[PDB]
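Engineer: So here's data38.tsv (TSV, C-alpha atoms).
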```
chain	number	residue	atom	x	y	z
A	5	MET	CA	-52.44	249.44	49.02
A	6	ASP	CA	-51.54	250.71	45.54
A	7	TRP	CA	-49.80	247.58	44.22
A	8	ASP	CA	-47.93	249.35	41.37
A	9	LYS	CA	-46.39	251.80	43.86
A	10	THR	CA	-45.78	249.49	46.82
A	11	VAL	CA	-45.00	246.13	45.22
A	12	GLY	CA	-44.16	247.13	41.64
A	13	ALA	CA	-45.73	246.98	38.17
A	14	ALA	CA	-46.96	243.46	37.41
A	15	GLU	CA	-44.62	242.89	34.42
A	16	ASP	CA	-41.59	244.15	36.29
A	17	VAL	CA	-42.31	242.10	39.36
A	18	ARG	CA	-42.70	238.93	37.27
A	19	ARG	CA	-39.29	239.57	35.57
A	20	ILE	CA	-37.66	239.92	39.02
A	21	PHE	CA	-39.46	236.80	40.35
A	22	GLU	CA	-38.21	234.81	37.32
A	23	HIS	CA	-34.65	235.75	38.19
A	24	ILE	CA	-34.65	235.47	41.98
A	25	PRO	CA	-31.77	233.21	42.98
A	26	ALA	CA	-33.97	230.74	44.90
A	27	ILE	CA	-36.54	228.10	43.93
A	28	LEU	CA	-39.90	229.86	44.00
A	29	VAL	CA	-43.32	228.42	43.24
A	30	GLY	CA	-46.91	229.65	43.62
A	31	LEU	CA	-49.99	227.41	43.71
A	32	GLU	CA	-53.74	228.17	43.56
A	33	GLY	CA	-56.90	226.42	44.71
A	34	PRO	CA	-57.49	223.09	46.45
A	35	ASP	CA	-55.81	221.11	43.64
A	36	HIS	CA	-52.60	223.21	43.96
A	37	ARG	CA	-52.53	224.46	40.38
A	38	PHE	CA	-49.29	226.10	39.32
A	39	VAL	CA	-49.61	229.87	38.91
A	40	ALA	CA	-46.01	231.06	39.16
A	41	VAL	CA	-42.64	229.31	38.77
A	42	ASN	CA	-39.22	230.79	38.29
A	43	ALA	CA	-36.03	229.75	36.49
A	44	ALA	CA	-34.48	228.17	39.60
A	45	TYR	CA	-37.69	226.11	39.98
A	46	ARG	CA	-37.79	225.04	36.33
A	47	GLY	CA	-34.10	224.05	36.54
A	48	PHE	CA	-34.83	222.02	39.70
A	49	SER	CA	-37.70	220.23	37.93
A	50	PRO	CA	-37.03	220.42	34.14
A	51	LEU	CA	-39.82	217.94	33.26
A	52	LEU	CA	-42.42	220.64	32.66
A	53	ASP	CA	-44.92	222.82	31.23
A	54	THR	CA	-46.63	223.41	34.43
A	55	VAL	CA	-48.54	226.68	34.66
A	56	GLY	CA	-52.31	226.09	34.90
A	57	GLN	CA	-52.09	222.43	35.95
A	58	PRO	CA	-52.68	220.66	39.30
A	59	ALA	CA	-49.43	219.55	40.97
A	60	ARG	CA	-50.72	215.94	41.15
A	61	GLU	CA	-51.48	215.99	37.39
A	62	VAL	CA	-47.94	216.98	36.32
A	63	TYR	CA	-46.13	214.95	39.03
A	64	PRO	CA	-48.20	211.73	39.36
A	65	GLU	CA	-45.34	209.78	41.00
A	66	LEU	CA	-45.14	212.00	44.12
A	67	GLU	CA	-48.33	210.66	45.79
A	68	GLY	CA	-46.46	208.34	48.19
A	69	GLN	CA	-43.96	210.97	49.38
A	70	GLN	CA	-46.91	213.11	50.56
A	71	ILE	CA	-45.61	216.51	49.67
A	72	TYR	CA	-49.34	216.82	48.77
A	73	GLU	CA	-50.51	215.99	52.30
A	74	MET	CA	-48.44	218.91	53.59
A	75	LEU	CA	-49.69	221.28	50.87
A	76	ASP	CA	-53.32	220.36	51.67
A	77	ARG	CA	-52.76	221.02	55.40
A	78	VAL	CA	-51.36	224.50	54.60
A	79	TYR	CA	-54.27	225.25	52.26
A	80	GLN	CA	-56.95	223.89	54.63
A	81	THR	CA	-55.65	225.25	57.96
A	82	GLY	CA	-53.60	228.33	57.12
A	83	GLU	CA	-50.78	226.94	59.29
A	84	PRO	CA	-47.40	227.36	57.56
A	85	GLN	CA	-45.04	224.37	57.38
A	86	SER	CA	-41.22	224.22	57.15
A	87	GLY	CA	-39.31	221.07	56.32
A	88	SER	CA	-35.67	220.05	56.32
A	89	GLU	CA	-33.93	217.56	54.05
A	90	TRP	CA	-37.02	216.04	52.45
A	91	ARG	CA	-35.63	213.53	49.94
A	92	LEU	CA	-36.61	213.06	46.27
A	93	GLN	CA	-36.07	210.97	43.10
A	94	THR	CA	-33.55	211.43	40.24
A	95	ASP	CA	-34.09	211.15	36.46
A	103	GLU	CA	-31.36	211.16	45.85
A	104	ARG	CA	-31.63	214.89	46.67
A	105	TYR	CA	-32.59	216.76	49.87
A	106	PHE	CA	-34.64	219.94	50.34
A	107	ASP	CA	-35.35	222.64	52.86
A	108	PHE	CA	-38.62	224.53	52.22
A	109	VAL	CA	-41.09	226.98	53.74
A	110	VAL	CA	-44.72	226.86	52.58
A	111	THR	CA	-47.19	229.56	53.55
A	112	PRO	CA	-50.87	230.23	52.79
A	113	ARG	CA	-52.05	233.18	50.61
A	114	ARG	CA	-55.13	234.99	51.93
A	115	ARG	CA	-57.59	237.19	49.98
A	116	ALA	CA	-58.79	240.57	51.37
A	117	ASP	CA	-61.69	238.68	52.96
A	118	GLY	CA	-59.22	236.46	54.87
A	119	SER	CA	-60.00	233.27	52.94
A	120	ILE	CA	-57.19	231.13	51.50
A	121	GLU	CA	-56.70	231.18	47.74
A	122	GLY	CA	-53.47	229.20	47.66
A	123	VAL	CA	-49.96	228.54	48.91
A	124	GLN	CA	-46.44	229.52	47.75
A	125	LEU	CA	-43.09	228.04	48.65
A	126	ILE	CA	-39.41	228.77	48.77
A	127	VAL	CA	-37.26	225.65	48.30
A	128	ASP	CA	-33.53	225.23	48.95
A	129	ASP	CA	-31.42	222.31	47.72
A	130	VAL	CA	-29.31	221.07	50.70
A	131	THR	CA	-28.08	217.79	49.17
A	132	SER	CA	-24.43	218.81	49.70
A	133	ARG	CA	-25.02	219.12	53.43
A	134	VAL	CA	-26.66	215.66	53.57
A	135	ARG	CA	-24.51	213.70	51.04
A	136	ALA	CA	-21.74	214.98	53.30
A	137	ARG	CA	-22.64	211.96	55.46
A	138	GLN	CA	-19.29	210.54	54.25
B	5	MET	CA	-40.14	231.27	25.95
B	6	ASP	CA	-43.85	232.02	26.33
B	7	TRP	CA	-43.73	233.82	29.71
B	8	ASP	CA	-47.46	233.38	30.50
B	9	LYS	CA	-47.15	229.60	30.05
B	10	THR	CA	-43.71	229.00	31.55
B	11	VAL	CA	-43.43	231.60	34.30
B	12	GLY	CA	-47.07	232.62	34.81
B	13	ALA	CA	-49.38	235.56	34.02
B	14	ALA	CA	-47.81	238.83	35.16
B	15	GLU	CA	-50.54	239.68	37.71
B	16	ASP	CA	-50.50	236.21	39.21
B	17	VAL	CA	-46.75	236.09	39.47
B	18	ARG	CA	-46.67	239.48	41.23
B	19	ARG	CA	-49.28	238.26	43.80
B	20	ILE	CA	-47.11	235.19	44.53
B	21	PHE	CA	-43.92	237.30	44.74
B	22	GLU	CA	-45.65	239.64	47.24
B	23	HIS	CA	-46.38	236.67	49.46
B	24	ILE	CA	-43.18	234.64	49.20
B	25	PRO	CA	-41.95	233.95	52.72
B	26	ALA	CA	-38.51	235.53	52.16
B	27	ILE	CA	-37.21	239.09	51.73
B	28	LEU	CA	-37.19	239.73	47.99
B	29	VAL	CA	-36.14	242.87	46.15
B	30	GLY	CA	-35.53	243.78	42.50
B	31	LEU	CA	-33.45	246.74	41.30
B	32	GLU	CA	-32.98	248.32	37.85
B	33	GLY	CA	-30.29	250.42	36.18
B	34	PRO	CA	-26.96	251.79	37.45
B	35	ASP	CA	-28.64	253.76	40.27
B	36	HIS	CA	-30.34	250.58	41.60
B	37	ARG	CA	-33.91	251.84	41.34
B	38	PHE	CA	-36.49	249.73	43.12
B	39	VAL	CA	-38.72	247.80	40.73
B	40	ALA	CA	-40.11	245.01	42.91
B	41	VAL	CA	-40.40	244.55	46.68
B	42	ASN	CA	-42.47	242.11	48.64
B	43	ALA	CA	-44.23	242.11	52.03
B	44	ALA	CA	-41.30	240.48	53.84
B	45	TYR	CA	-39.05	243.22	52.40
B	46	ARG	CA	-41.40	246.05	53.35
B	47	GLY	CA	-41.69	244.61	56.88
B	48	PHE	CA	-37.88	244.42	57.12
B	49	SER	CA	-37.60	248.06	56.03
B	50	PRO	CA	-40.94	249.80	56.90
B	51	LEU	CA	-39.59	253.32	56.18
B	52	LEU	CA	-40.82	253.36	52.58
B	53	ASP	CA	-42.45	254.16	49.46
B	54	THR	CA	-39.72	252.83	47.38
B	55	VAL	CA	-40.75	251.67	43.91
B	56	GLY	CA	-39.24	253.89	41.19
B	57	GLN	CA	-36.53	255.44	43.37
B	58	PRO	CA	-32.74	254.91	43.54
B	59	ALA	CA	-31.67	252.92	46.62
B	60	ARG	CA	-29.28	255.74	47.65
B	61	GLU	CA	-32.13	258.28	47.44
B	62	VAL	CA	-34.46	256.42	49.84
B	63	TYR	CA	-31.69	255.16	52.16
B	64	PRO	CA	-29.17	258.06	52.33
B	65	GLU	CA	-27.58	256.81	55.58
B	66	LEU	CA	-26.28	253.52	54.11
B	67	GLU	CA	-23.39	255.06	52.12
B	68	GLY	CA	-20.72	254.13	54.70
B	69	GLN	CA	-21.81	250.48	55.06
B	70	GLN	CA	-21.20	250.02	51.30
B	71	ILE	CA	-24.06	247.74	50.48
B	72	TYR	CA	-23.96	250.04	47.40
B	73	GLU	CA	-20.36	249.12	46.53
B	74	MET	CA	-21.41	245.47	46.37
B	75	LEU	CA	-24.53	246.24	44.29
B	76	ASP	CA	-22.42	248.26	41.80
B	77	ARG	CA	-19.92	245.39	41.45
B	78	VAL	CA	-22.76	242.95	40.65
B	79	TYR	CA	-24.27	245.38	38.13
B	80	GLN	CA	-20.94	246.26	36.49
B	81	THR	CA	-19.31	242.80	36.38
B	82	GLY	CA	-22.16	240.29	36.34
B	83	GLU	CA	-20.42	238.42	39.18
B	84	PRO	CA	-22.93	237.37	41.86
B	85	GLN	CA	-22.13	238.09	45.52
B	86	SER	CA	-23.26	236.30	48.71
B	87	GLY	CA	-22.78	237.73	52.17
B	88	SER	CA	-23.21	236.45	55.70
B	89	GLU	CA	-24.18	238.39	58.80
B	90	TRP	CA	-23.85	241.89	57.37
B	91	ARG	CA	-24.93	244.17	60.23
B	92	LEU	CA	-27.37	247.11	60.13
B	93	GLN	CA	-28.97	249.96	62.13
B	94	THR	CA	-32.20	250.00	64.22
B	95	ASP	CA	-34.96	252.65	64.37
B	103	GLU	CA	-28.12	245.77	65.51
B	104	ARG	CA	-29.34	243.12	63.04
B	105	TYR	CA	-27.49	240.60	60.82
B	106	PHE	CA	-28.25	239.44	57.27
B	107	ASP	CA	-27.45	236.68	54.84
B	108	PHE	CA	-28.09	237.60	51.19
B	109	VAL	CA	-27.50	236.50	47.60
B	110	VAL	CA	-27.41	239.16	44.87
B	111	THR	CA	-27.39	238.22	41.20
B	112	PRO	CA	-27.37	240.19	37.93
B	113	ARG	CA	-30.38	240.24	35.51
B	114	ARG	CA	-29.45	239.98	31.83
B	115	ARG	CA	-31.52	241.04	28.79
B	116	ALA	CA	-31.87	238.77	25.70
B	117	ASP	CA	-28.82	240.55	24.28
B	118	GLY	CA	-26.76	239.52	27.35
B	119	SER	CA	-26.43	243.03	28.78
B	120	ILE	CA	-27.21	243.71	32.46
B	121	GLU	CA	-30.40	245.60	33.24
B	122	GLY	CA	-30.28	245.18	37.01
B	123	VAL	CA	-29.86	243.01	40.09
B	124	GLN	CA	-32.24	241.22	42.48
B	125	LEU	CA	-31.64	239.84	45.95
B	126	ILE	CA	-32.90	237.39	48.48
B	127	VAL	CA	-32.20	238.46	52.08
B	128	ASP	CA	-32.45	236.38	55.26
B	129	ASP	CA	-32.47	237.79	58.79
B	130	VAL	CA	-29.97	235.72	60.87
B	131	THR	CA	-29.80	238.00	63.94
B	132	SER	CA	-30.89	235.12	66.24
B	133	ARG	CA	-27.88	233.08	65.16
B	134	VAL	CA	-25.51	236.02	65.83
B	135	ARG	CA	-27.09	237.56	68.98
B	136	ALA	CA	-26.67	234.00	70.22
B	137	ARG	CA	-23.10	235.10	71.00
B	138	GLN	CA	-24.22	234.91	74.67
```
Before we go any further, please render this structure as structure tokens.

Structural biologist:
Amino acid sequence: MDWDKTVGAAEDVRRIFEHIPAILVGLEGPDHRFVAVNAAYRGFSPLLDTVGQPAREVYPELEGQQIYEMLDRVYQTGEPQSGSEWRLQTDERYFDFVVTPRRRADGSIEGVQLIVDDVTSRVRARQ
Amino acid sequence: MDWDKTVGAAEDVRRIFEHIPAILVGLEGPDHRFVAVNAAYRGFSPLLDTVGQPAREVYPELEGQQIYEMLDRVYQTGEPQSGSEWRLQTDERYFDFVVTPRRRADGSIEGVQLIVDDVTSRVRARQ
């Protein structure tokens, strides 16, 4: 595959990614280091300067919630996970997400990436 | 904003974009030229080699459906549009999508990008 012709030029693709109207995040390695985050992501979690750092290292408080257990499973097994209405902590929100593995040409897993959707309105609509 | 530090390095971001588990597409200019498409996009529309070309020029049959009317409105006005269960043609499918404008530093619109979701199962479930 010629990436420039079939996906797009790297700079252009990044500019589109940045602006996609959905929370997008890419992670690399066993320690889930941030490699790509967009504006909808950075607005969802404004406490940041994330690229290059392990997810645990920038969000130390999220150990108990085990978002990290689920990320490790995806990275170790290659099995994608979807979740609905996973709750979080303010500075009470609910999230749908799909996490998939990223494989190299050799079939090994280099990382995971996610799409996240904020569905708090649907849940808080529990009157 | 330092893009490498806040979004990610251009190559890395493109690799994550490619693998996002959602149909993603970026367009540029008035003629909606393809600048970025991912694997979920290219699987959704396999009749391709799209990057660099106007949407009308690669999909000449879609003039009547006026997906192009809606793309022009977003590009001209800056008003985002969302659609539900817009139908298409086989080689009978239904699509949710969100299209937004992309603004330059000067506030002018350079293009649009979309996220598309295939919701045919929900609709074909009209027994």

Engineer: Hey, could you make a per-residue contact list for chain A against chain B with 9 Å as the cut-off, showing the nearest pair of atoms and its distance in Å to one decimal, counting all atoms listed in the file, sorted by chain and number, as a tab-separated table?

Structural biologist:
```
residue	atom	partner	partner_atom	distance
A:8	CA	B:55	CA	8.0
A:9	CA	B:55	CA	5.6
A:10	CA	B:55	CA	6.2
A:11	CA	B:41	CA	5.1
A:12	CA	B:40	CA	4.7
A:13	CA	B:39	CA	7.5
A:14	CA	B:15	CA	5.2
A:15	CA	B:14	CA	5.2
A:16	CA	B:39	CA	6.4
A:17	CA	B:40	CA	5.1
A:18	CA	B:17	CA	5.4
A:19	CA	B:14	CA	8.6
A:20	CA	B:30	CA	5.6
A:21	CA	B:21	CA	6.3
A:22	CA	B:11	CA	6.8
A:23	CA	B:113	CA	6.8
A:24	CA	B:124	CA	6.3
A:25	CA	B:111	CA	6.9
A:26	CA	B:126	CA	7.6
A:28	CA	B:24	CA	7.8
A:29	CA	B:20	CA	7.9
A:30	CA	B:20	CA	5.6
A:31	CA	B:20	CA	8.3
A:38	CA	B:12	CA	8.2
A:39	CA	B:12	CA	5.6
A:40	CA	B:12	CA	4.7
A:41	CA	B:11	CA	5.1
A:42	CA	B:11	CA	5.9
A:43	CA	B:11	CA	7.9
A:46	CA	B:10	CA	8.6
A:52	CA	B:10	CA	8.5
A:53	CA	B:10	CA	6.3
A:54	CA	B:10	CA	6.9
A:55	CA	B:9	CA	5.6
A:56	CA	B:9	CA	7.9
A:109	CA	B:25	CA	7.1
A:110	CA	B:25	CA	7.6
A:111	CA	B:25	CA	6.9
A:112	CA	B:23	CA	8.5
A:113	CA	B:23	CA	6.8
A:123	CA	B:20	CA	8.5
A:124	CA	B:24	CA	6.2
A:125	CA	B:24	CA	6.6
A:126	CA	B:24	CA	7.0
```

Engineer: State, in Å with one decimal place, the distance from CA of residue 48 in chain B to CA of residue 81 in chain B.

Structural biologist: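 A separation of 27.9 Å between them.
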
Engineer: So how far away is CA of residue 91 in chain B from CA of residue 68 in chain B, in Å?

Structural biologist: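 Separation between CA of residue 68 in chain B and CA of residue 91 in chain B: 12.1 Å.
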
Engineer: What gap, in Å, lies between CA of residue 60 in chain A and CA of residue 73 in chain A?

Structural biologist: 11.2 Å

Engineer: Within 12 Å of residue 69 in chain B, counting all atoms listed in the file, which residues show up once you throw out same-chain ones fewer than 6 positions away? Write them as an MDAnalysis selection string, please.

Structural biologist: chainID B and resid 60 63 75 90:93

Engineer: List as a PyMOL selection string the protein and nucleic acid residues near residue 128 in chain A, meaning an atom at most 7 Å away when all atoms listed in the file are counted, but skip any in the same chain fewer than 2 places from it.

Structural biologist: chain A and resi 26-27+106-108+126+130

Engineer: For a cutoff of 8 Å around the file-coordinate point (-26.7, 239.4, 63.3), which residues qualify once you count only C-alpha atoms? I'd like the result as number ranges by chain.

Structural biologist: B: 89-91, 103-106, 129-135

Engineer: Dump N, CA and C atoms of range 58-81 of chain A from the given block, as a PDB file, in the first residue's frame.

Structural biologist:
```pdb
ATOM      1  N   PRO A  58       3.109   7.547  29.280  1.00  0.00           N
ATOM      2  CA  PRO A  58       2.208   6.437  29.604  1.00  0.00           C
ATOM      3  C   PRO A  58       0.898   6.955  30.194  1.00  0.00           C
ATOM      4  N   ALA A  59      -0.218   6.324  29.840  1.00  0.00           N
ATOM      5  CA  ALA A  59      -1.532   6.752  30.324  1.00  0.00           C
ATOM      6  C   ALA A  59      -1.616   6.786  31.858  1.00  0.00           C
ATOM      7  N   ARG A  60      -1.056   5.766  32.508  1.00  0.00           N
ATOM      8  CA  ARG A  60      -0.956   5.705  33.970  1.00  0.00           C
ATOM      9  C   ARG A  60      -0.212   6.896  34.575  1.00  0.00           C
ATOM     10  N   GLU A  61       0.830   7.358  33.886  1.00  0.00           N
ATOM     11  CA  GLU A  61       1.700   8.437  34.367  1.00  0.00           C
ATOM     12  C   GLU A  61       1.052   9.828  34.321  1.00  0.00           C
ATOM     13  N   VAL A  62       0.120  10.026  33.396  1.00  0.00           N
ATOM     14  CA  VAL A  62      -0.569  11.312  33.273  1.00  0.00           C
ATOM     15  C   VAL A  62      -1.926  11.296  33.995  1.00  0.00           C
ATOM     16  N   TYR A  63      -2.533  10.112  34.095  1.00  0.00           N
ATOM     17  CA  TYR A  63      -3.759   9.929  34.876  1.00  0.00           C
ATOM     18  C   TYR A  63      -3.569   8.893  35.999  1.00  0.00           C
ATOM     19  N   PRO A  64      -2.894   9.292  37.098  1.00  0.00           N
ATOM     20  CA  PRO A  64      -2.572   8.350  38.174  1.00  0.00           C
ATOM     21  C   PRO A  64      -3.785   7.906  38.996  1.00  0.00           C
ATOM     22  N   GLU A  65      -4.883   8.657  38.906  1.00  0.00           N
ATOM     23  CA  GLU A  65      -6.065   8.428  39.749  1.00  0.00           C
ATOM     24  C   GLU A  65      -7.003   7.355  39.184  1.00  0.00           C
ATOM     25  N   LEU A  66      -6.768   6.961  37.931  1.00  0.00           N
ATOM     26  CA  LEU A  66      -7.662   6.052  37.204  1.00  0.00           C
ATOM     27  C   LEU A  66      -7.313   4.561  37.339  1.00  0.00           C
ATOM     28  N   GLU A  67      -6.472   4.230  38.317  1.00  0.00           N
ATOM     29  CA  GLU A  67      -6.044   2.845  38.557  1.00  0.00           C
ATOM     30  C   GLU A  67      -7.196   1.948  39.028  1.00  0.00           C
ATOM     31  N   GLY A  68      -8.019   2.470  39.936  1.00  0.00           N
ATOM     32  CA  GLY A  68      -9.155   1.730  40.487  1.00  0.00           C
ATOM     33  C   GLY A  68     -10.273   1.430  39.500  1.00  0.00           C
ATOM     34  N   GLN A  69     -10.523   2.365  38.585  1.00  0.00           N
ATOM     35  CA  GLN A  69     -11.594   2.240  37.585  1.00  0.00           C
ATOM     36  C   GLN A  69     -11.311   1.117  36.579  1.00  0.00           C
ATOM     37  N   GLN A  70     -10.037   0.742  36.485  1.00  0.00           N
ATOM     38  CA  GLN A  70      -9.525  -0.243  35.526  1.00  0.00           C
ATOM     39  C   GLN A  70      -9.961  -0.058  34.066  1.00  0.00           C
ATOM     40  N   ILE A  71      -9.783   1.166  33.591  1.00  0.00           N
ATOM     41  CA  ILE A  71      -9.747   1.401  32.167  1.00  0.00           C
ATOM     42  C   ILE A  71      -8.463   0.735  31.656  1.00  0.00           C
ATOM     43  N   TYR A  72      -7.439   0.697  32.515  1.00  0.00           N
ATOM     44  CA  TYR A  72      -6.115   0.134  32.198  1.00  0.00           C
ATOM     45  C   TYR A  72      -6.079  -1.386  32.091  1.00  0.00           C
ATOM     46  N   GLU A  73      -6.965  -2.057  32.819  1.00  0.00           N
ATOM     47  CA  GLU A  73      -7.129  -3.507  32.720  1.00  0.00           C
ATOM     48  C   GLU A  73      -7.615  -3.878  31.325  1.00  0.00           C
ATOM     49  N   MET A  74      -8.579  -3.100  30.844  1.00  0.00           N
ATOM     50  CA  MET A  74      -9.224  -3.295  29.555  1.00  0.00           C
ATOM     51  C   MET A  74      -8.273  -2.973  28.392  1.00  0.00           C
ATOM     52  N   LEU A  75      -7.458  -1.932  28.553  1.00  0.00           N
ATOM     53  CA  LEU A  75      -6.446  -1.570  27.565  1.00  0.00           C
ATOM     54  C   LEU A  75      -5.353  -2.629  27.441  1.00  0.00           C
ATOM     55  N   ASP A  76      -4.942  -3.194  28.579  1.00  0.00           N
ATOM     56  CA  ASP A  76      -3.951  -4.274  28.629  1.00  0.00           C
ATOM     57  C   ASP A  76      -4.458  -5.540  27.942  1.00  0.00           C
ATOM     58  N   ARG A  77      -5.710  -5.910  28.208  1.00  0.00           N
ATOM     59  CA  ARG A  77      -6.348  -7.047  27.541  1.00  0.00           C
ATOM     60  C   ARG A  77      -6.338  -6.889  26.014  1.00  0.00           C
ATOM     61  N   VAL A  78      -6.708  -5.707  25.528  1.00  0.00           N
ATOM     62  CA  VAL A  78      -6.698  -5.435  24.081  1.00  0.00           C
ATOM     63  C   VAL A  78      -5.280  -5.540  23.487  1.00  0.00           C
ATOM     64  N   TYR A  79      -4.304  -5.007  24.215  1.00  0.00           N
ATOM     65  CA  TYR A  79      -2.926  -5.023  23.771  1.00  0.00           C
ATOM     66  C   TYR A  79      -2.345  -6.448  23.834  1.00  0.00           C
ATOM     67  N   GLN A  80      -2.654  -7.183  24.893  1.00  0.00           N
ATOM     68  CA  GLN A  80      -2.115  -8.534  25.042  1.00  0.00           C
ATOM     69  C   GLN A  80      -2.763  -9.556  24.090  1.00  0.00           C
ATOM     70  N   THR A  81      -4.079  -9.485  23.932  1.00  0.00           N
ATOM     71  CA  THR A  81      -4.838 -10.541  23.260  1.00  0.00           C
ATOM     72  C   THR A  81      -5.181 -10.233  21.797  1.00  0.00           C
TER      73      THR A  81
END
```
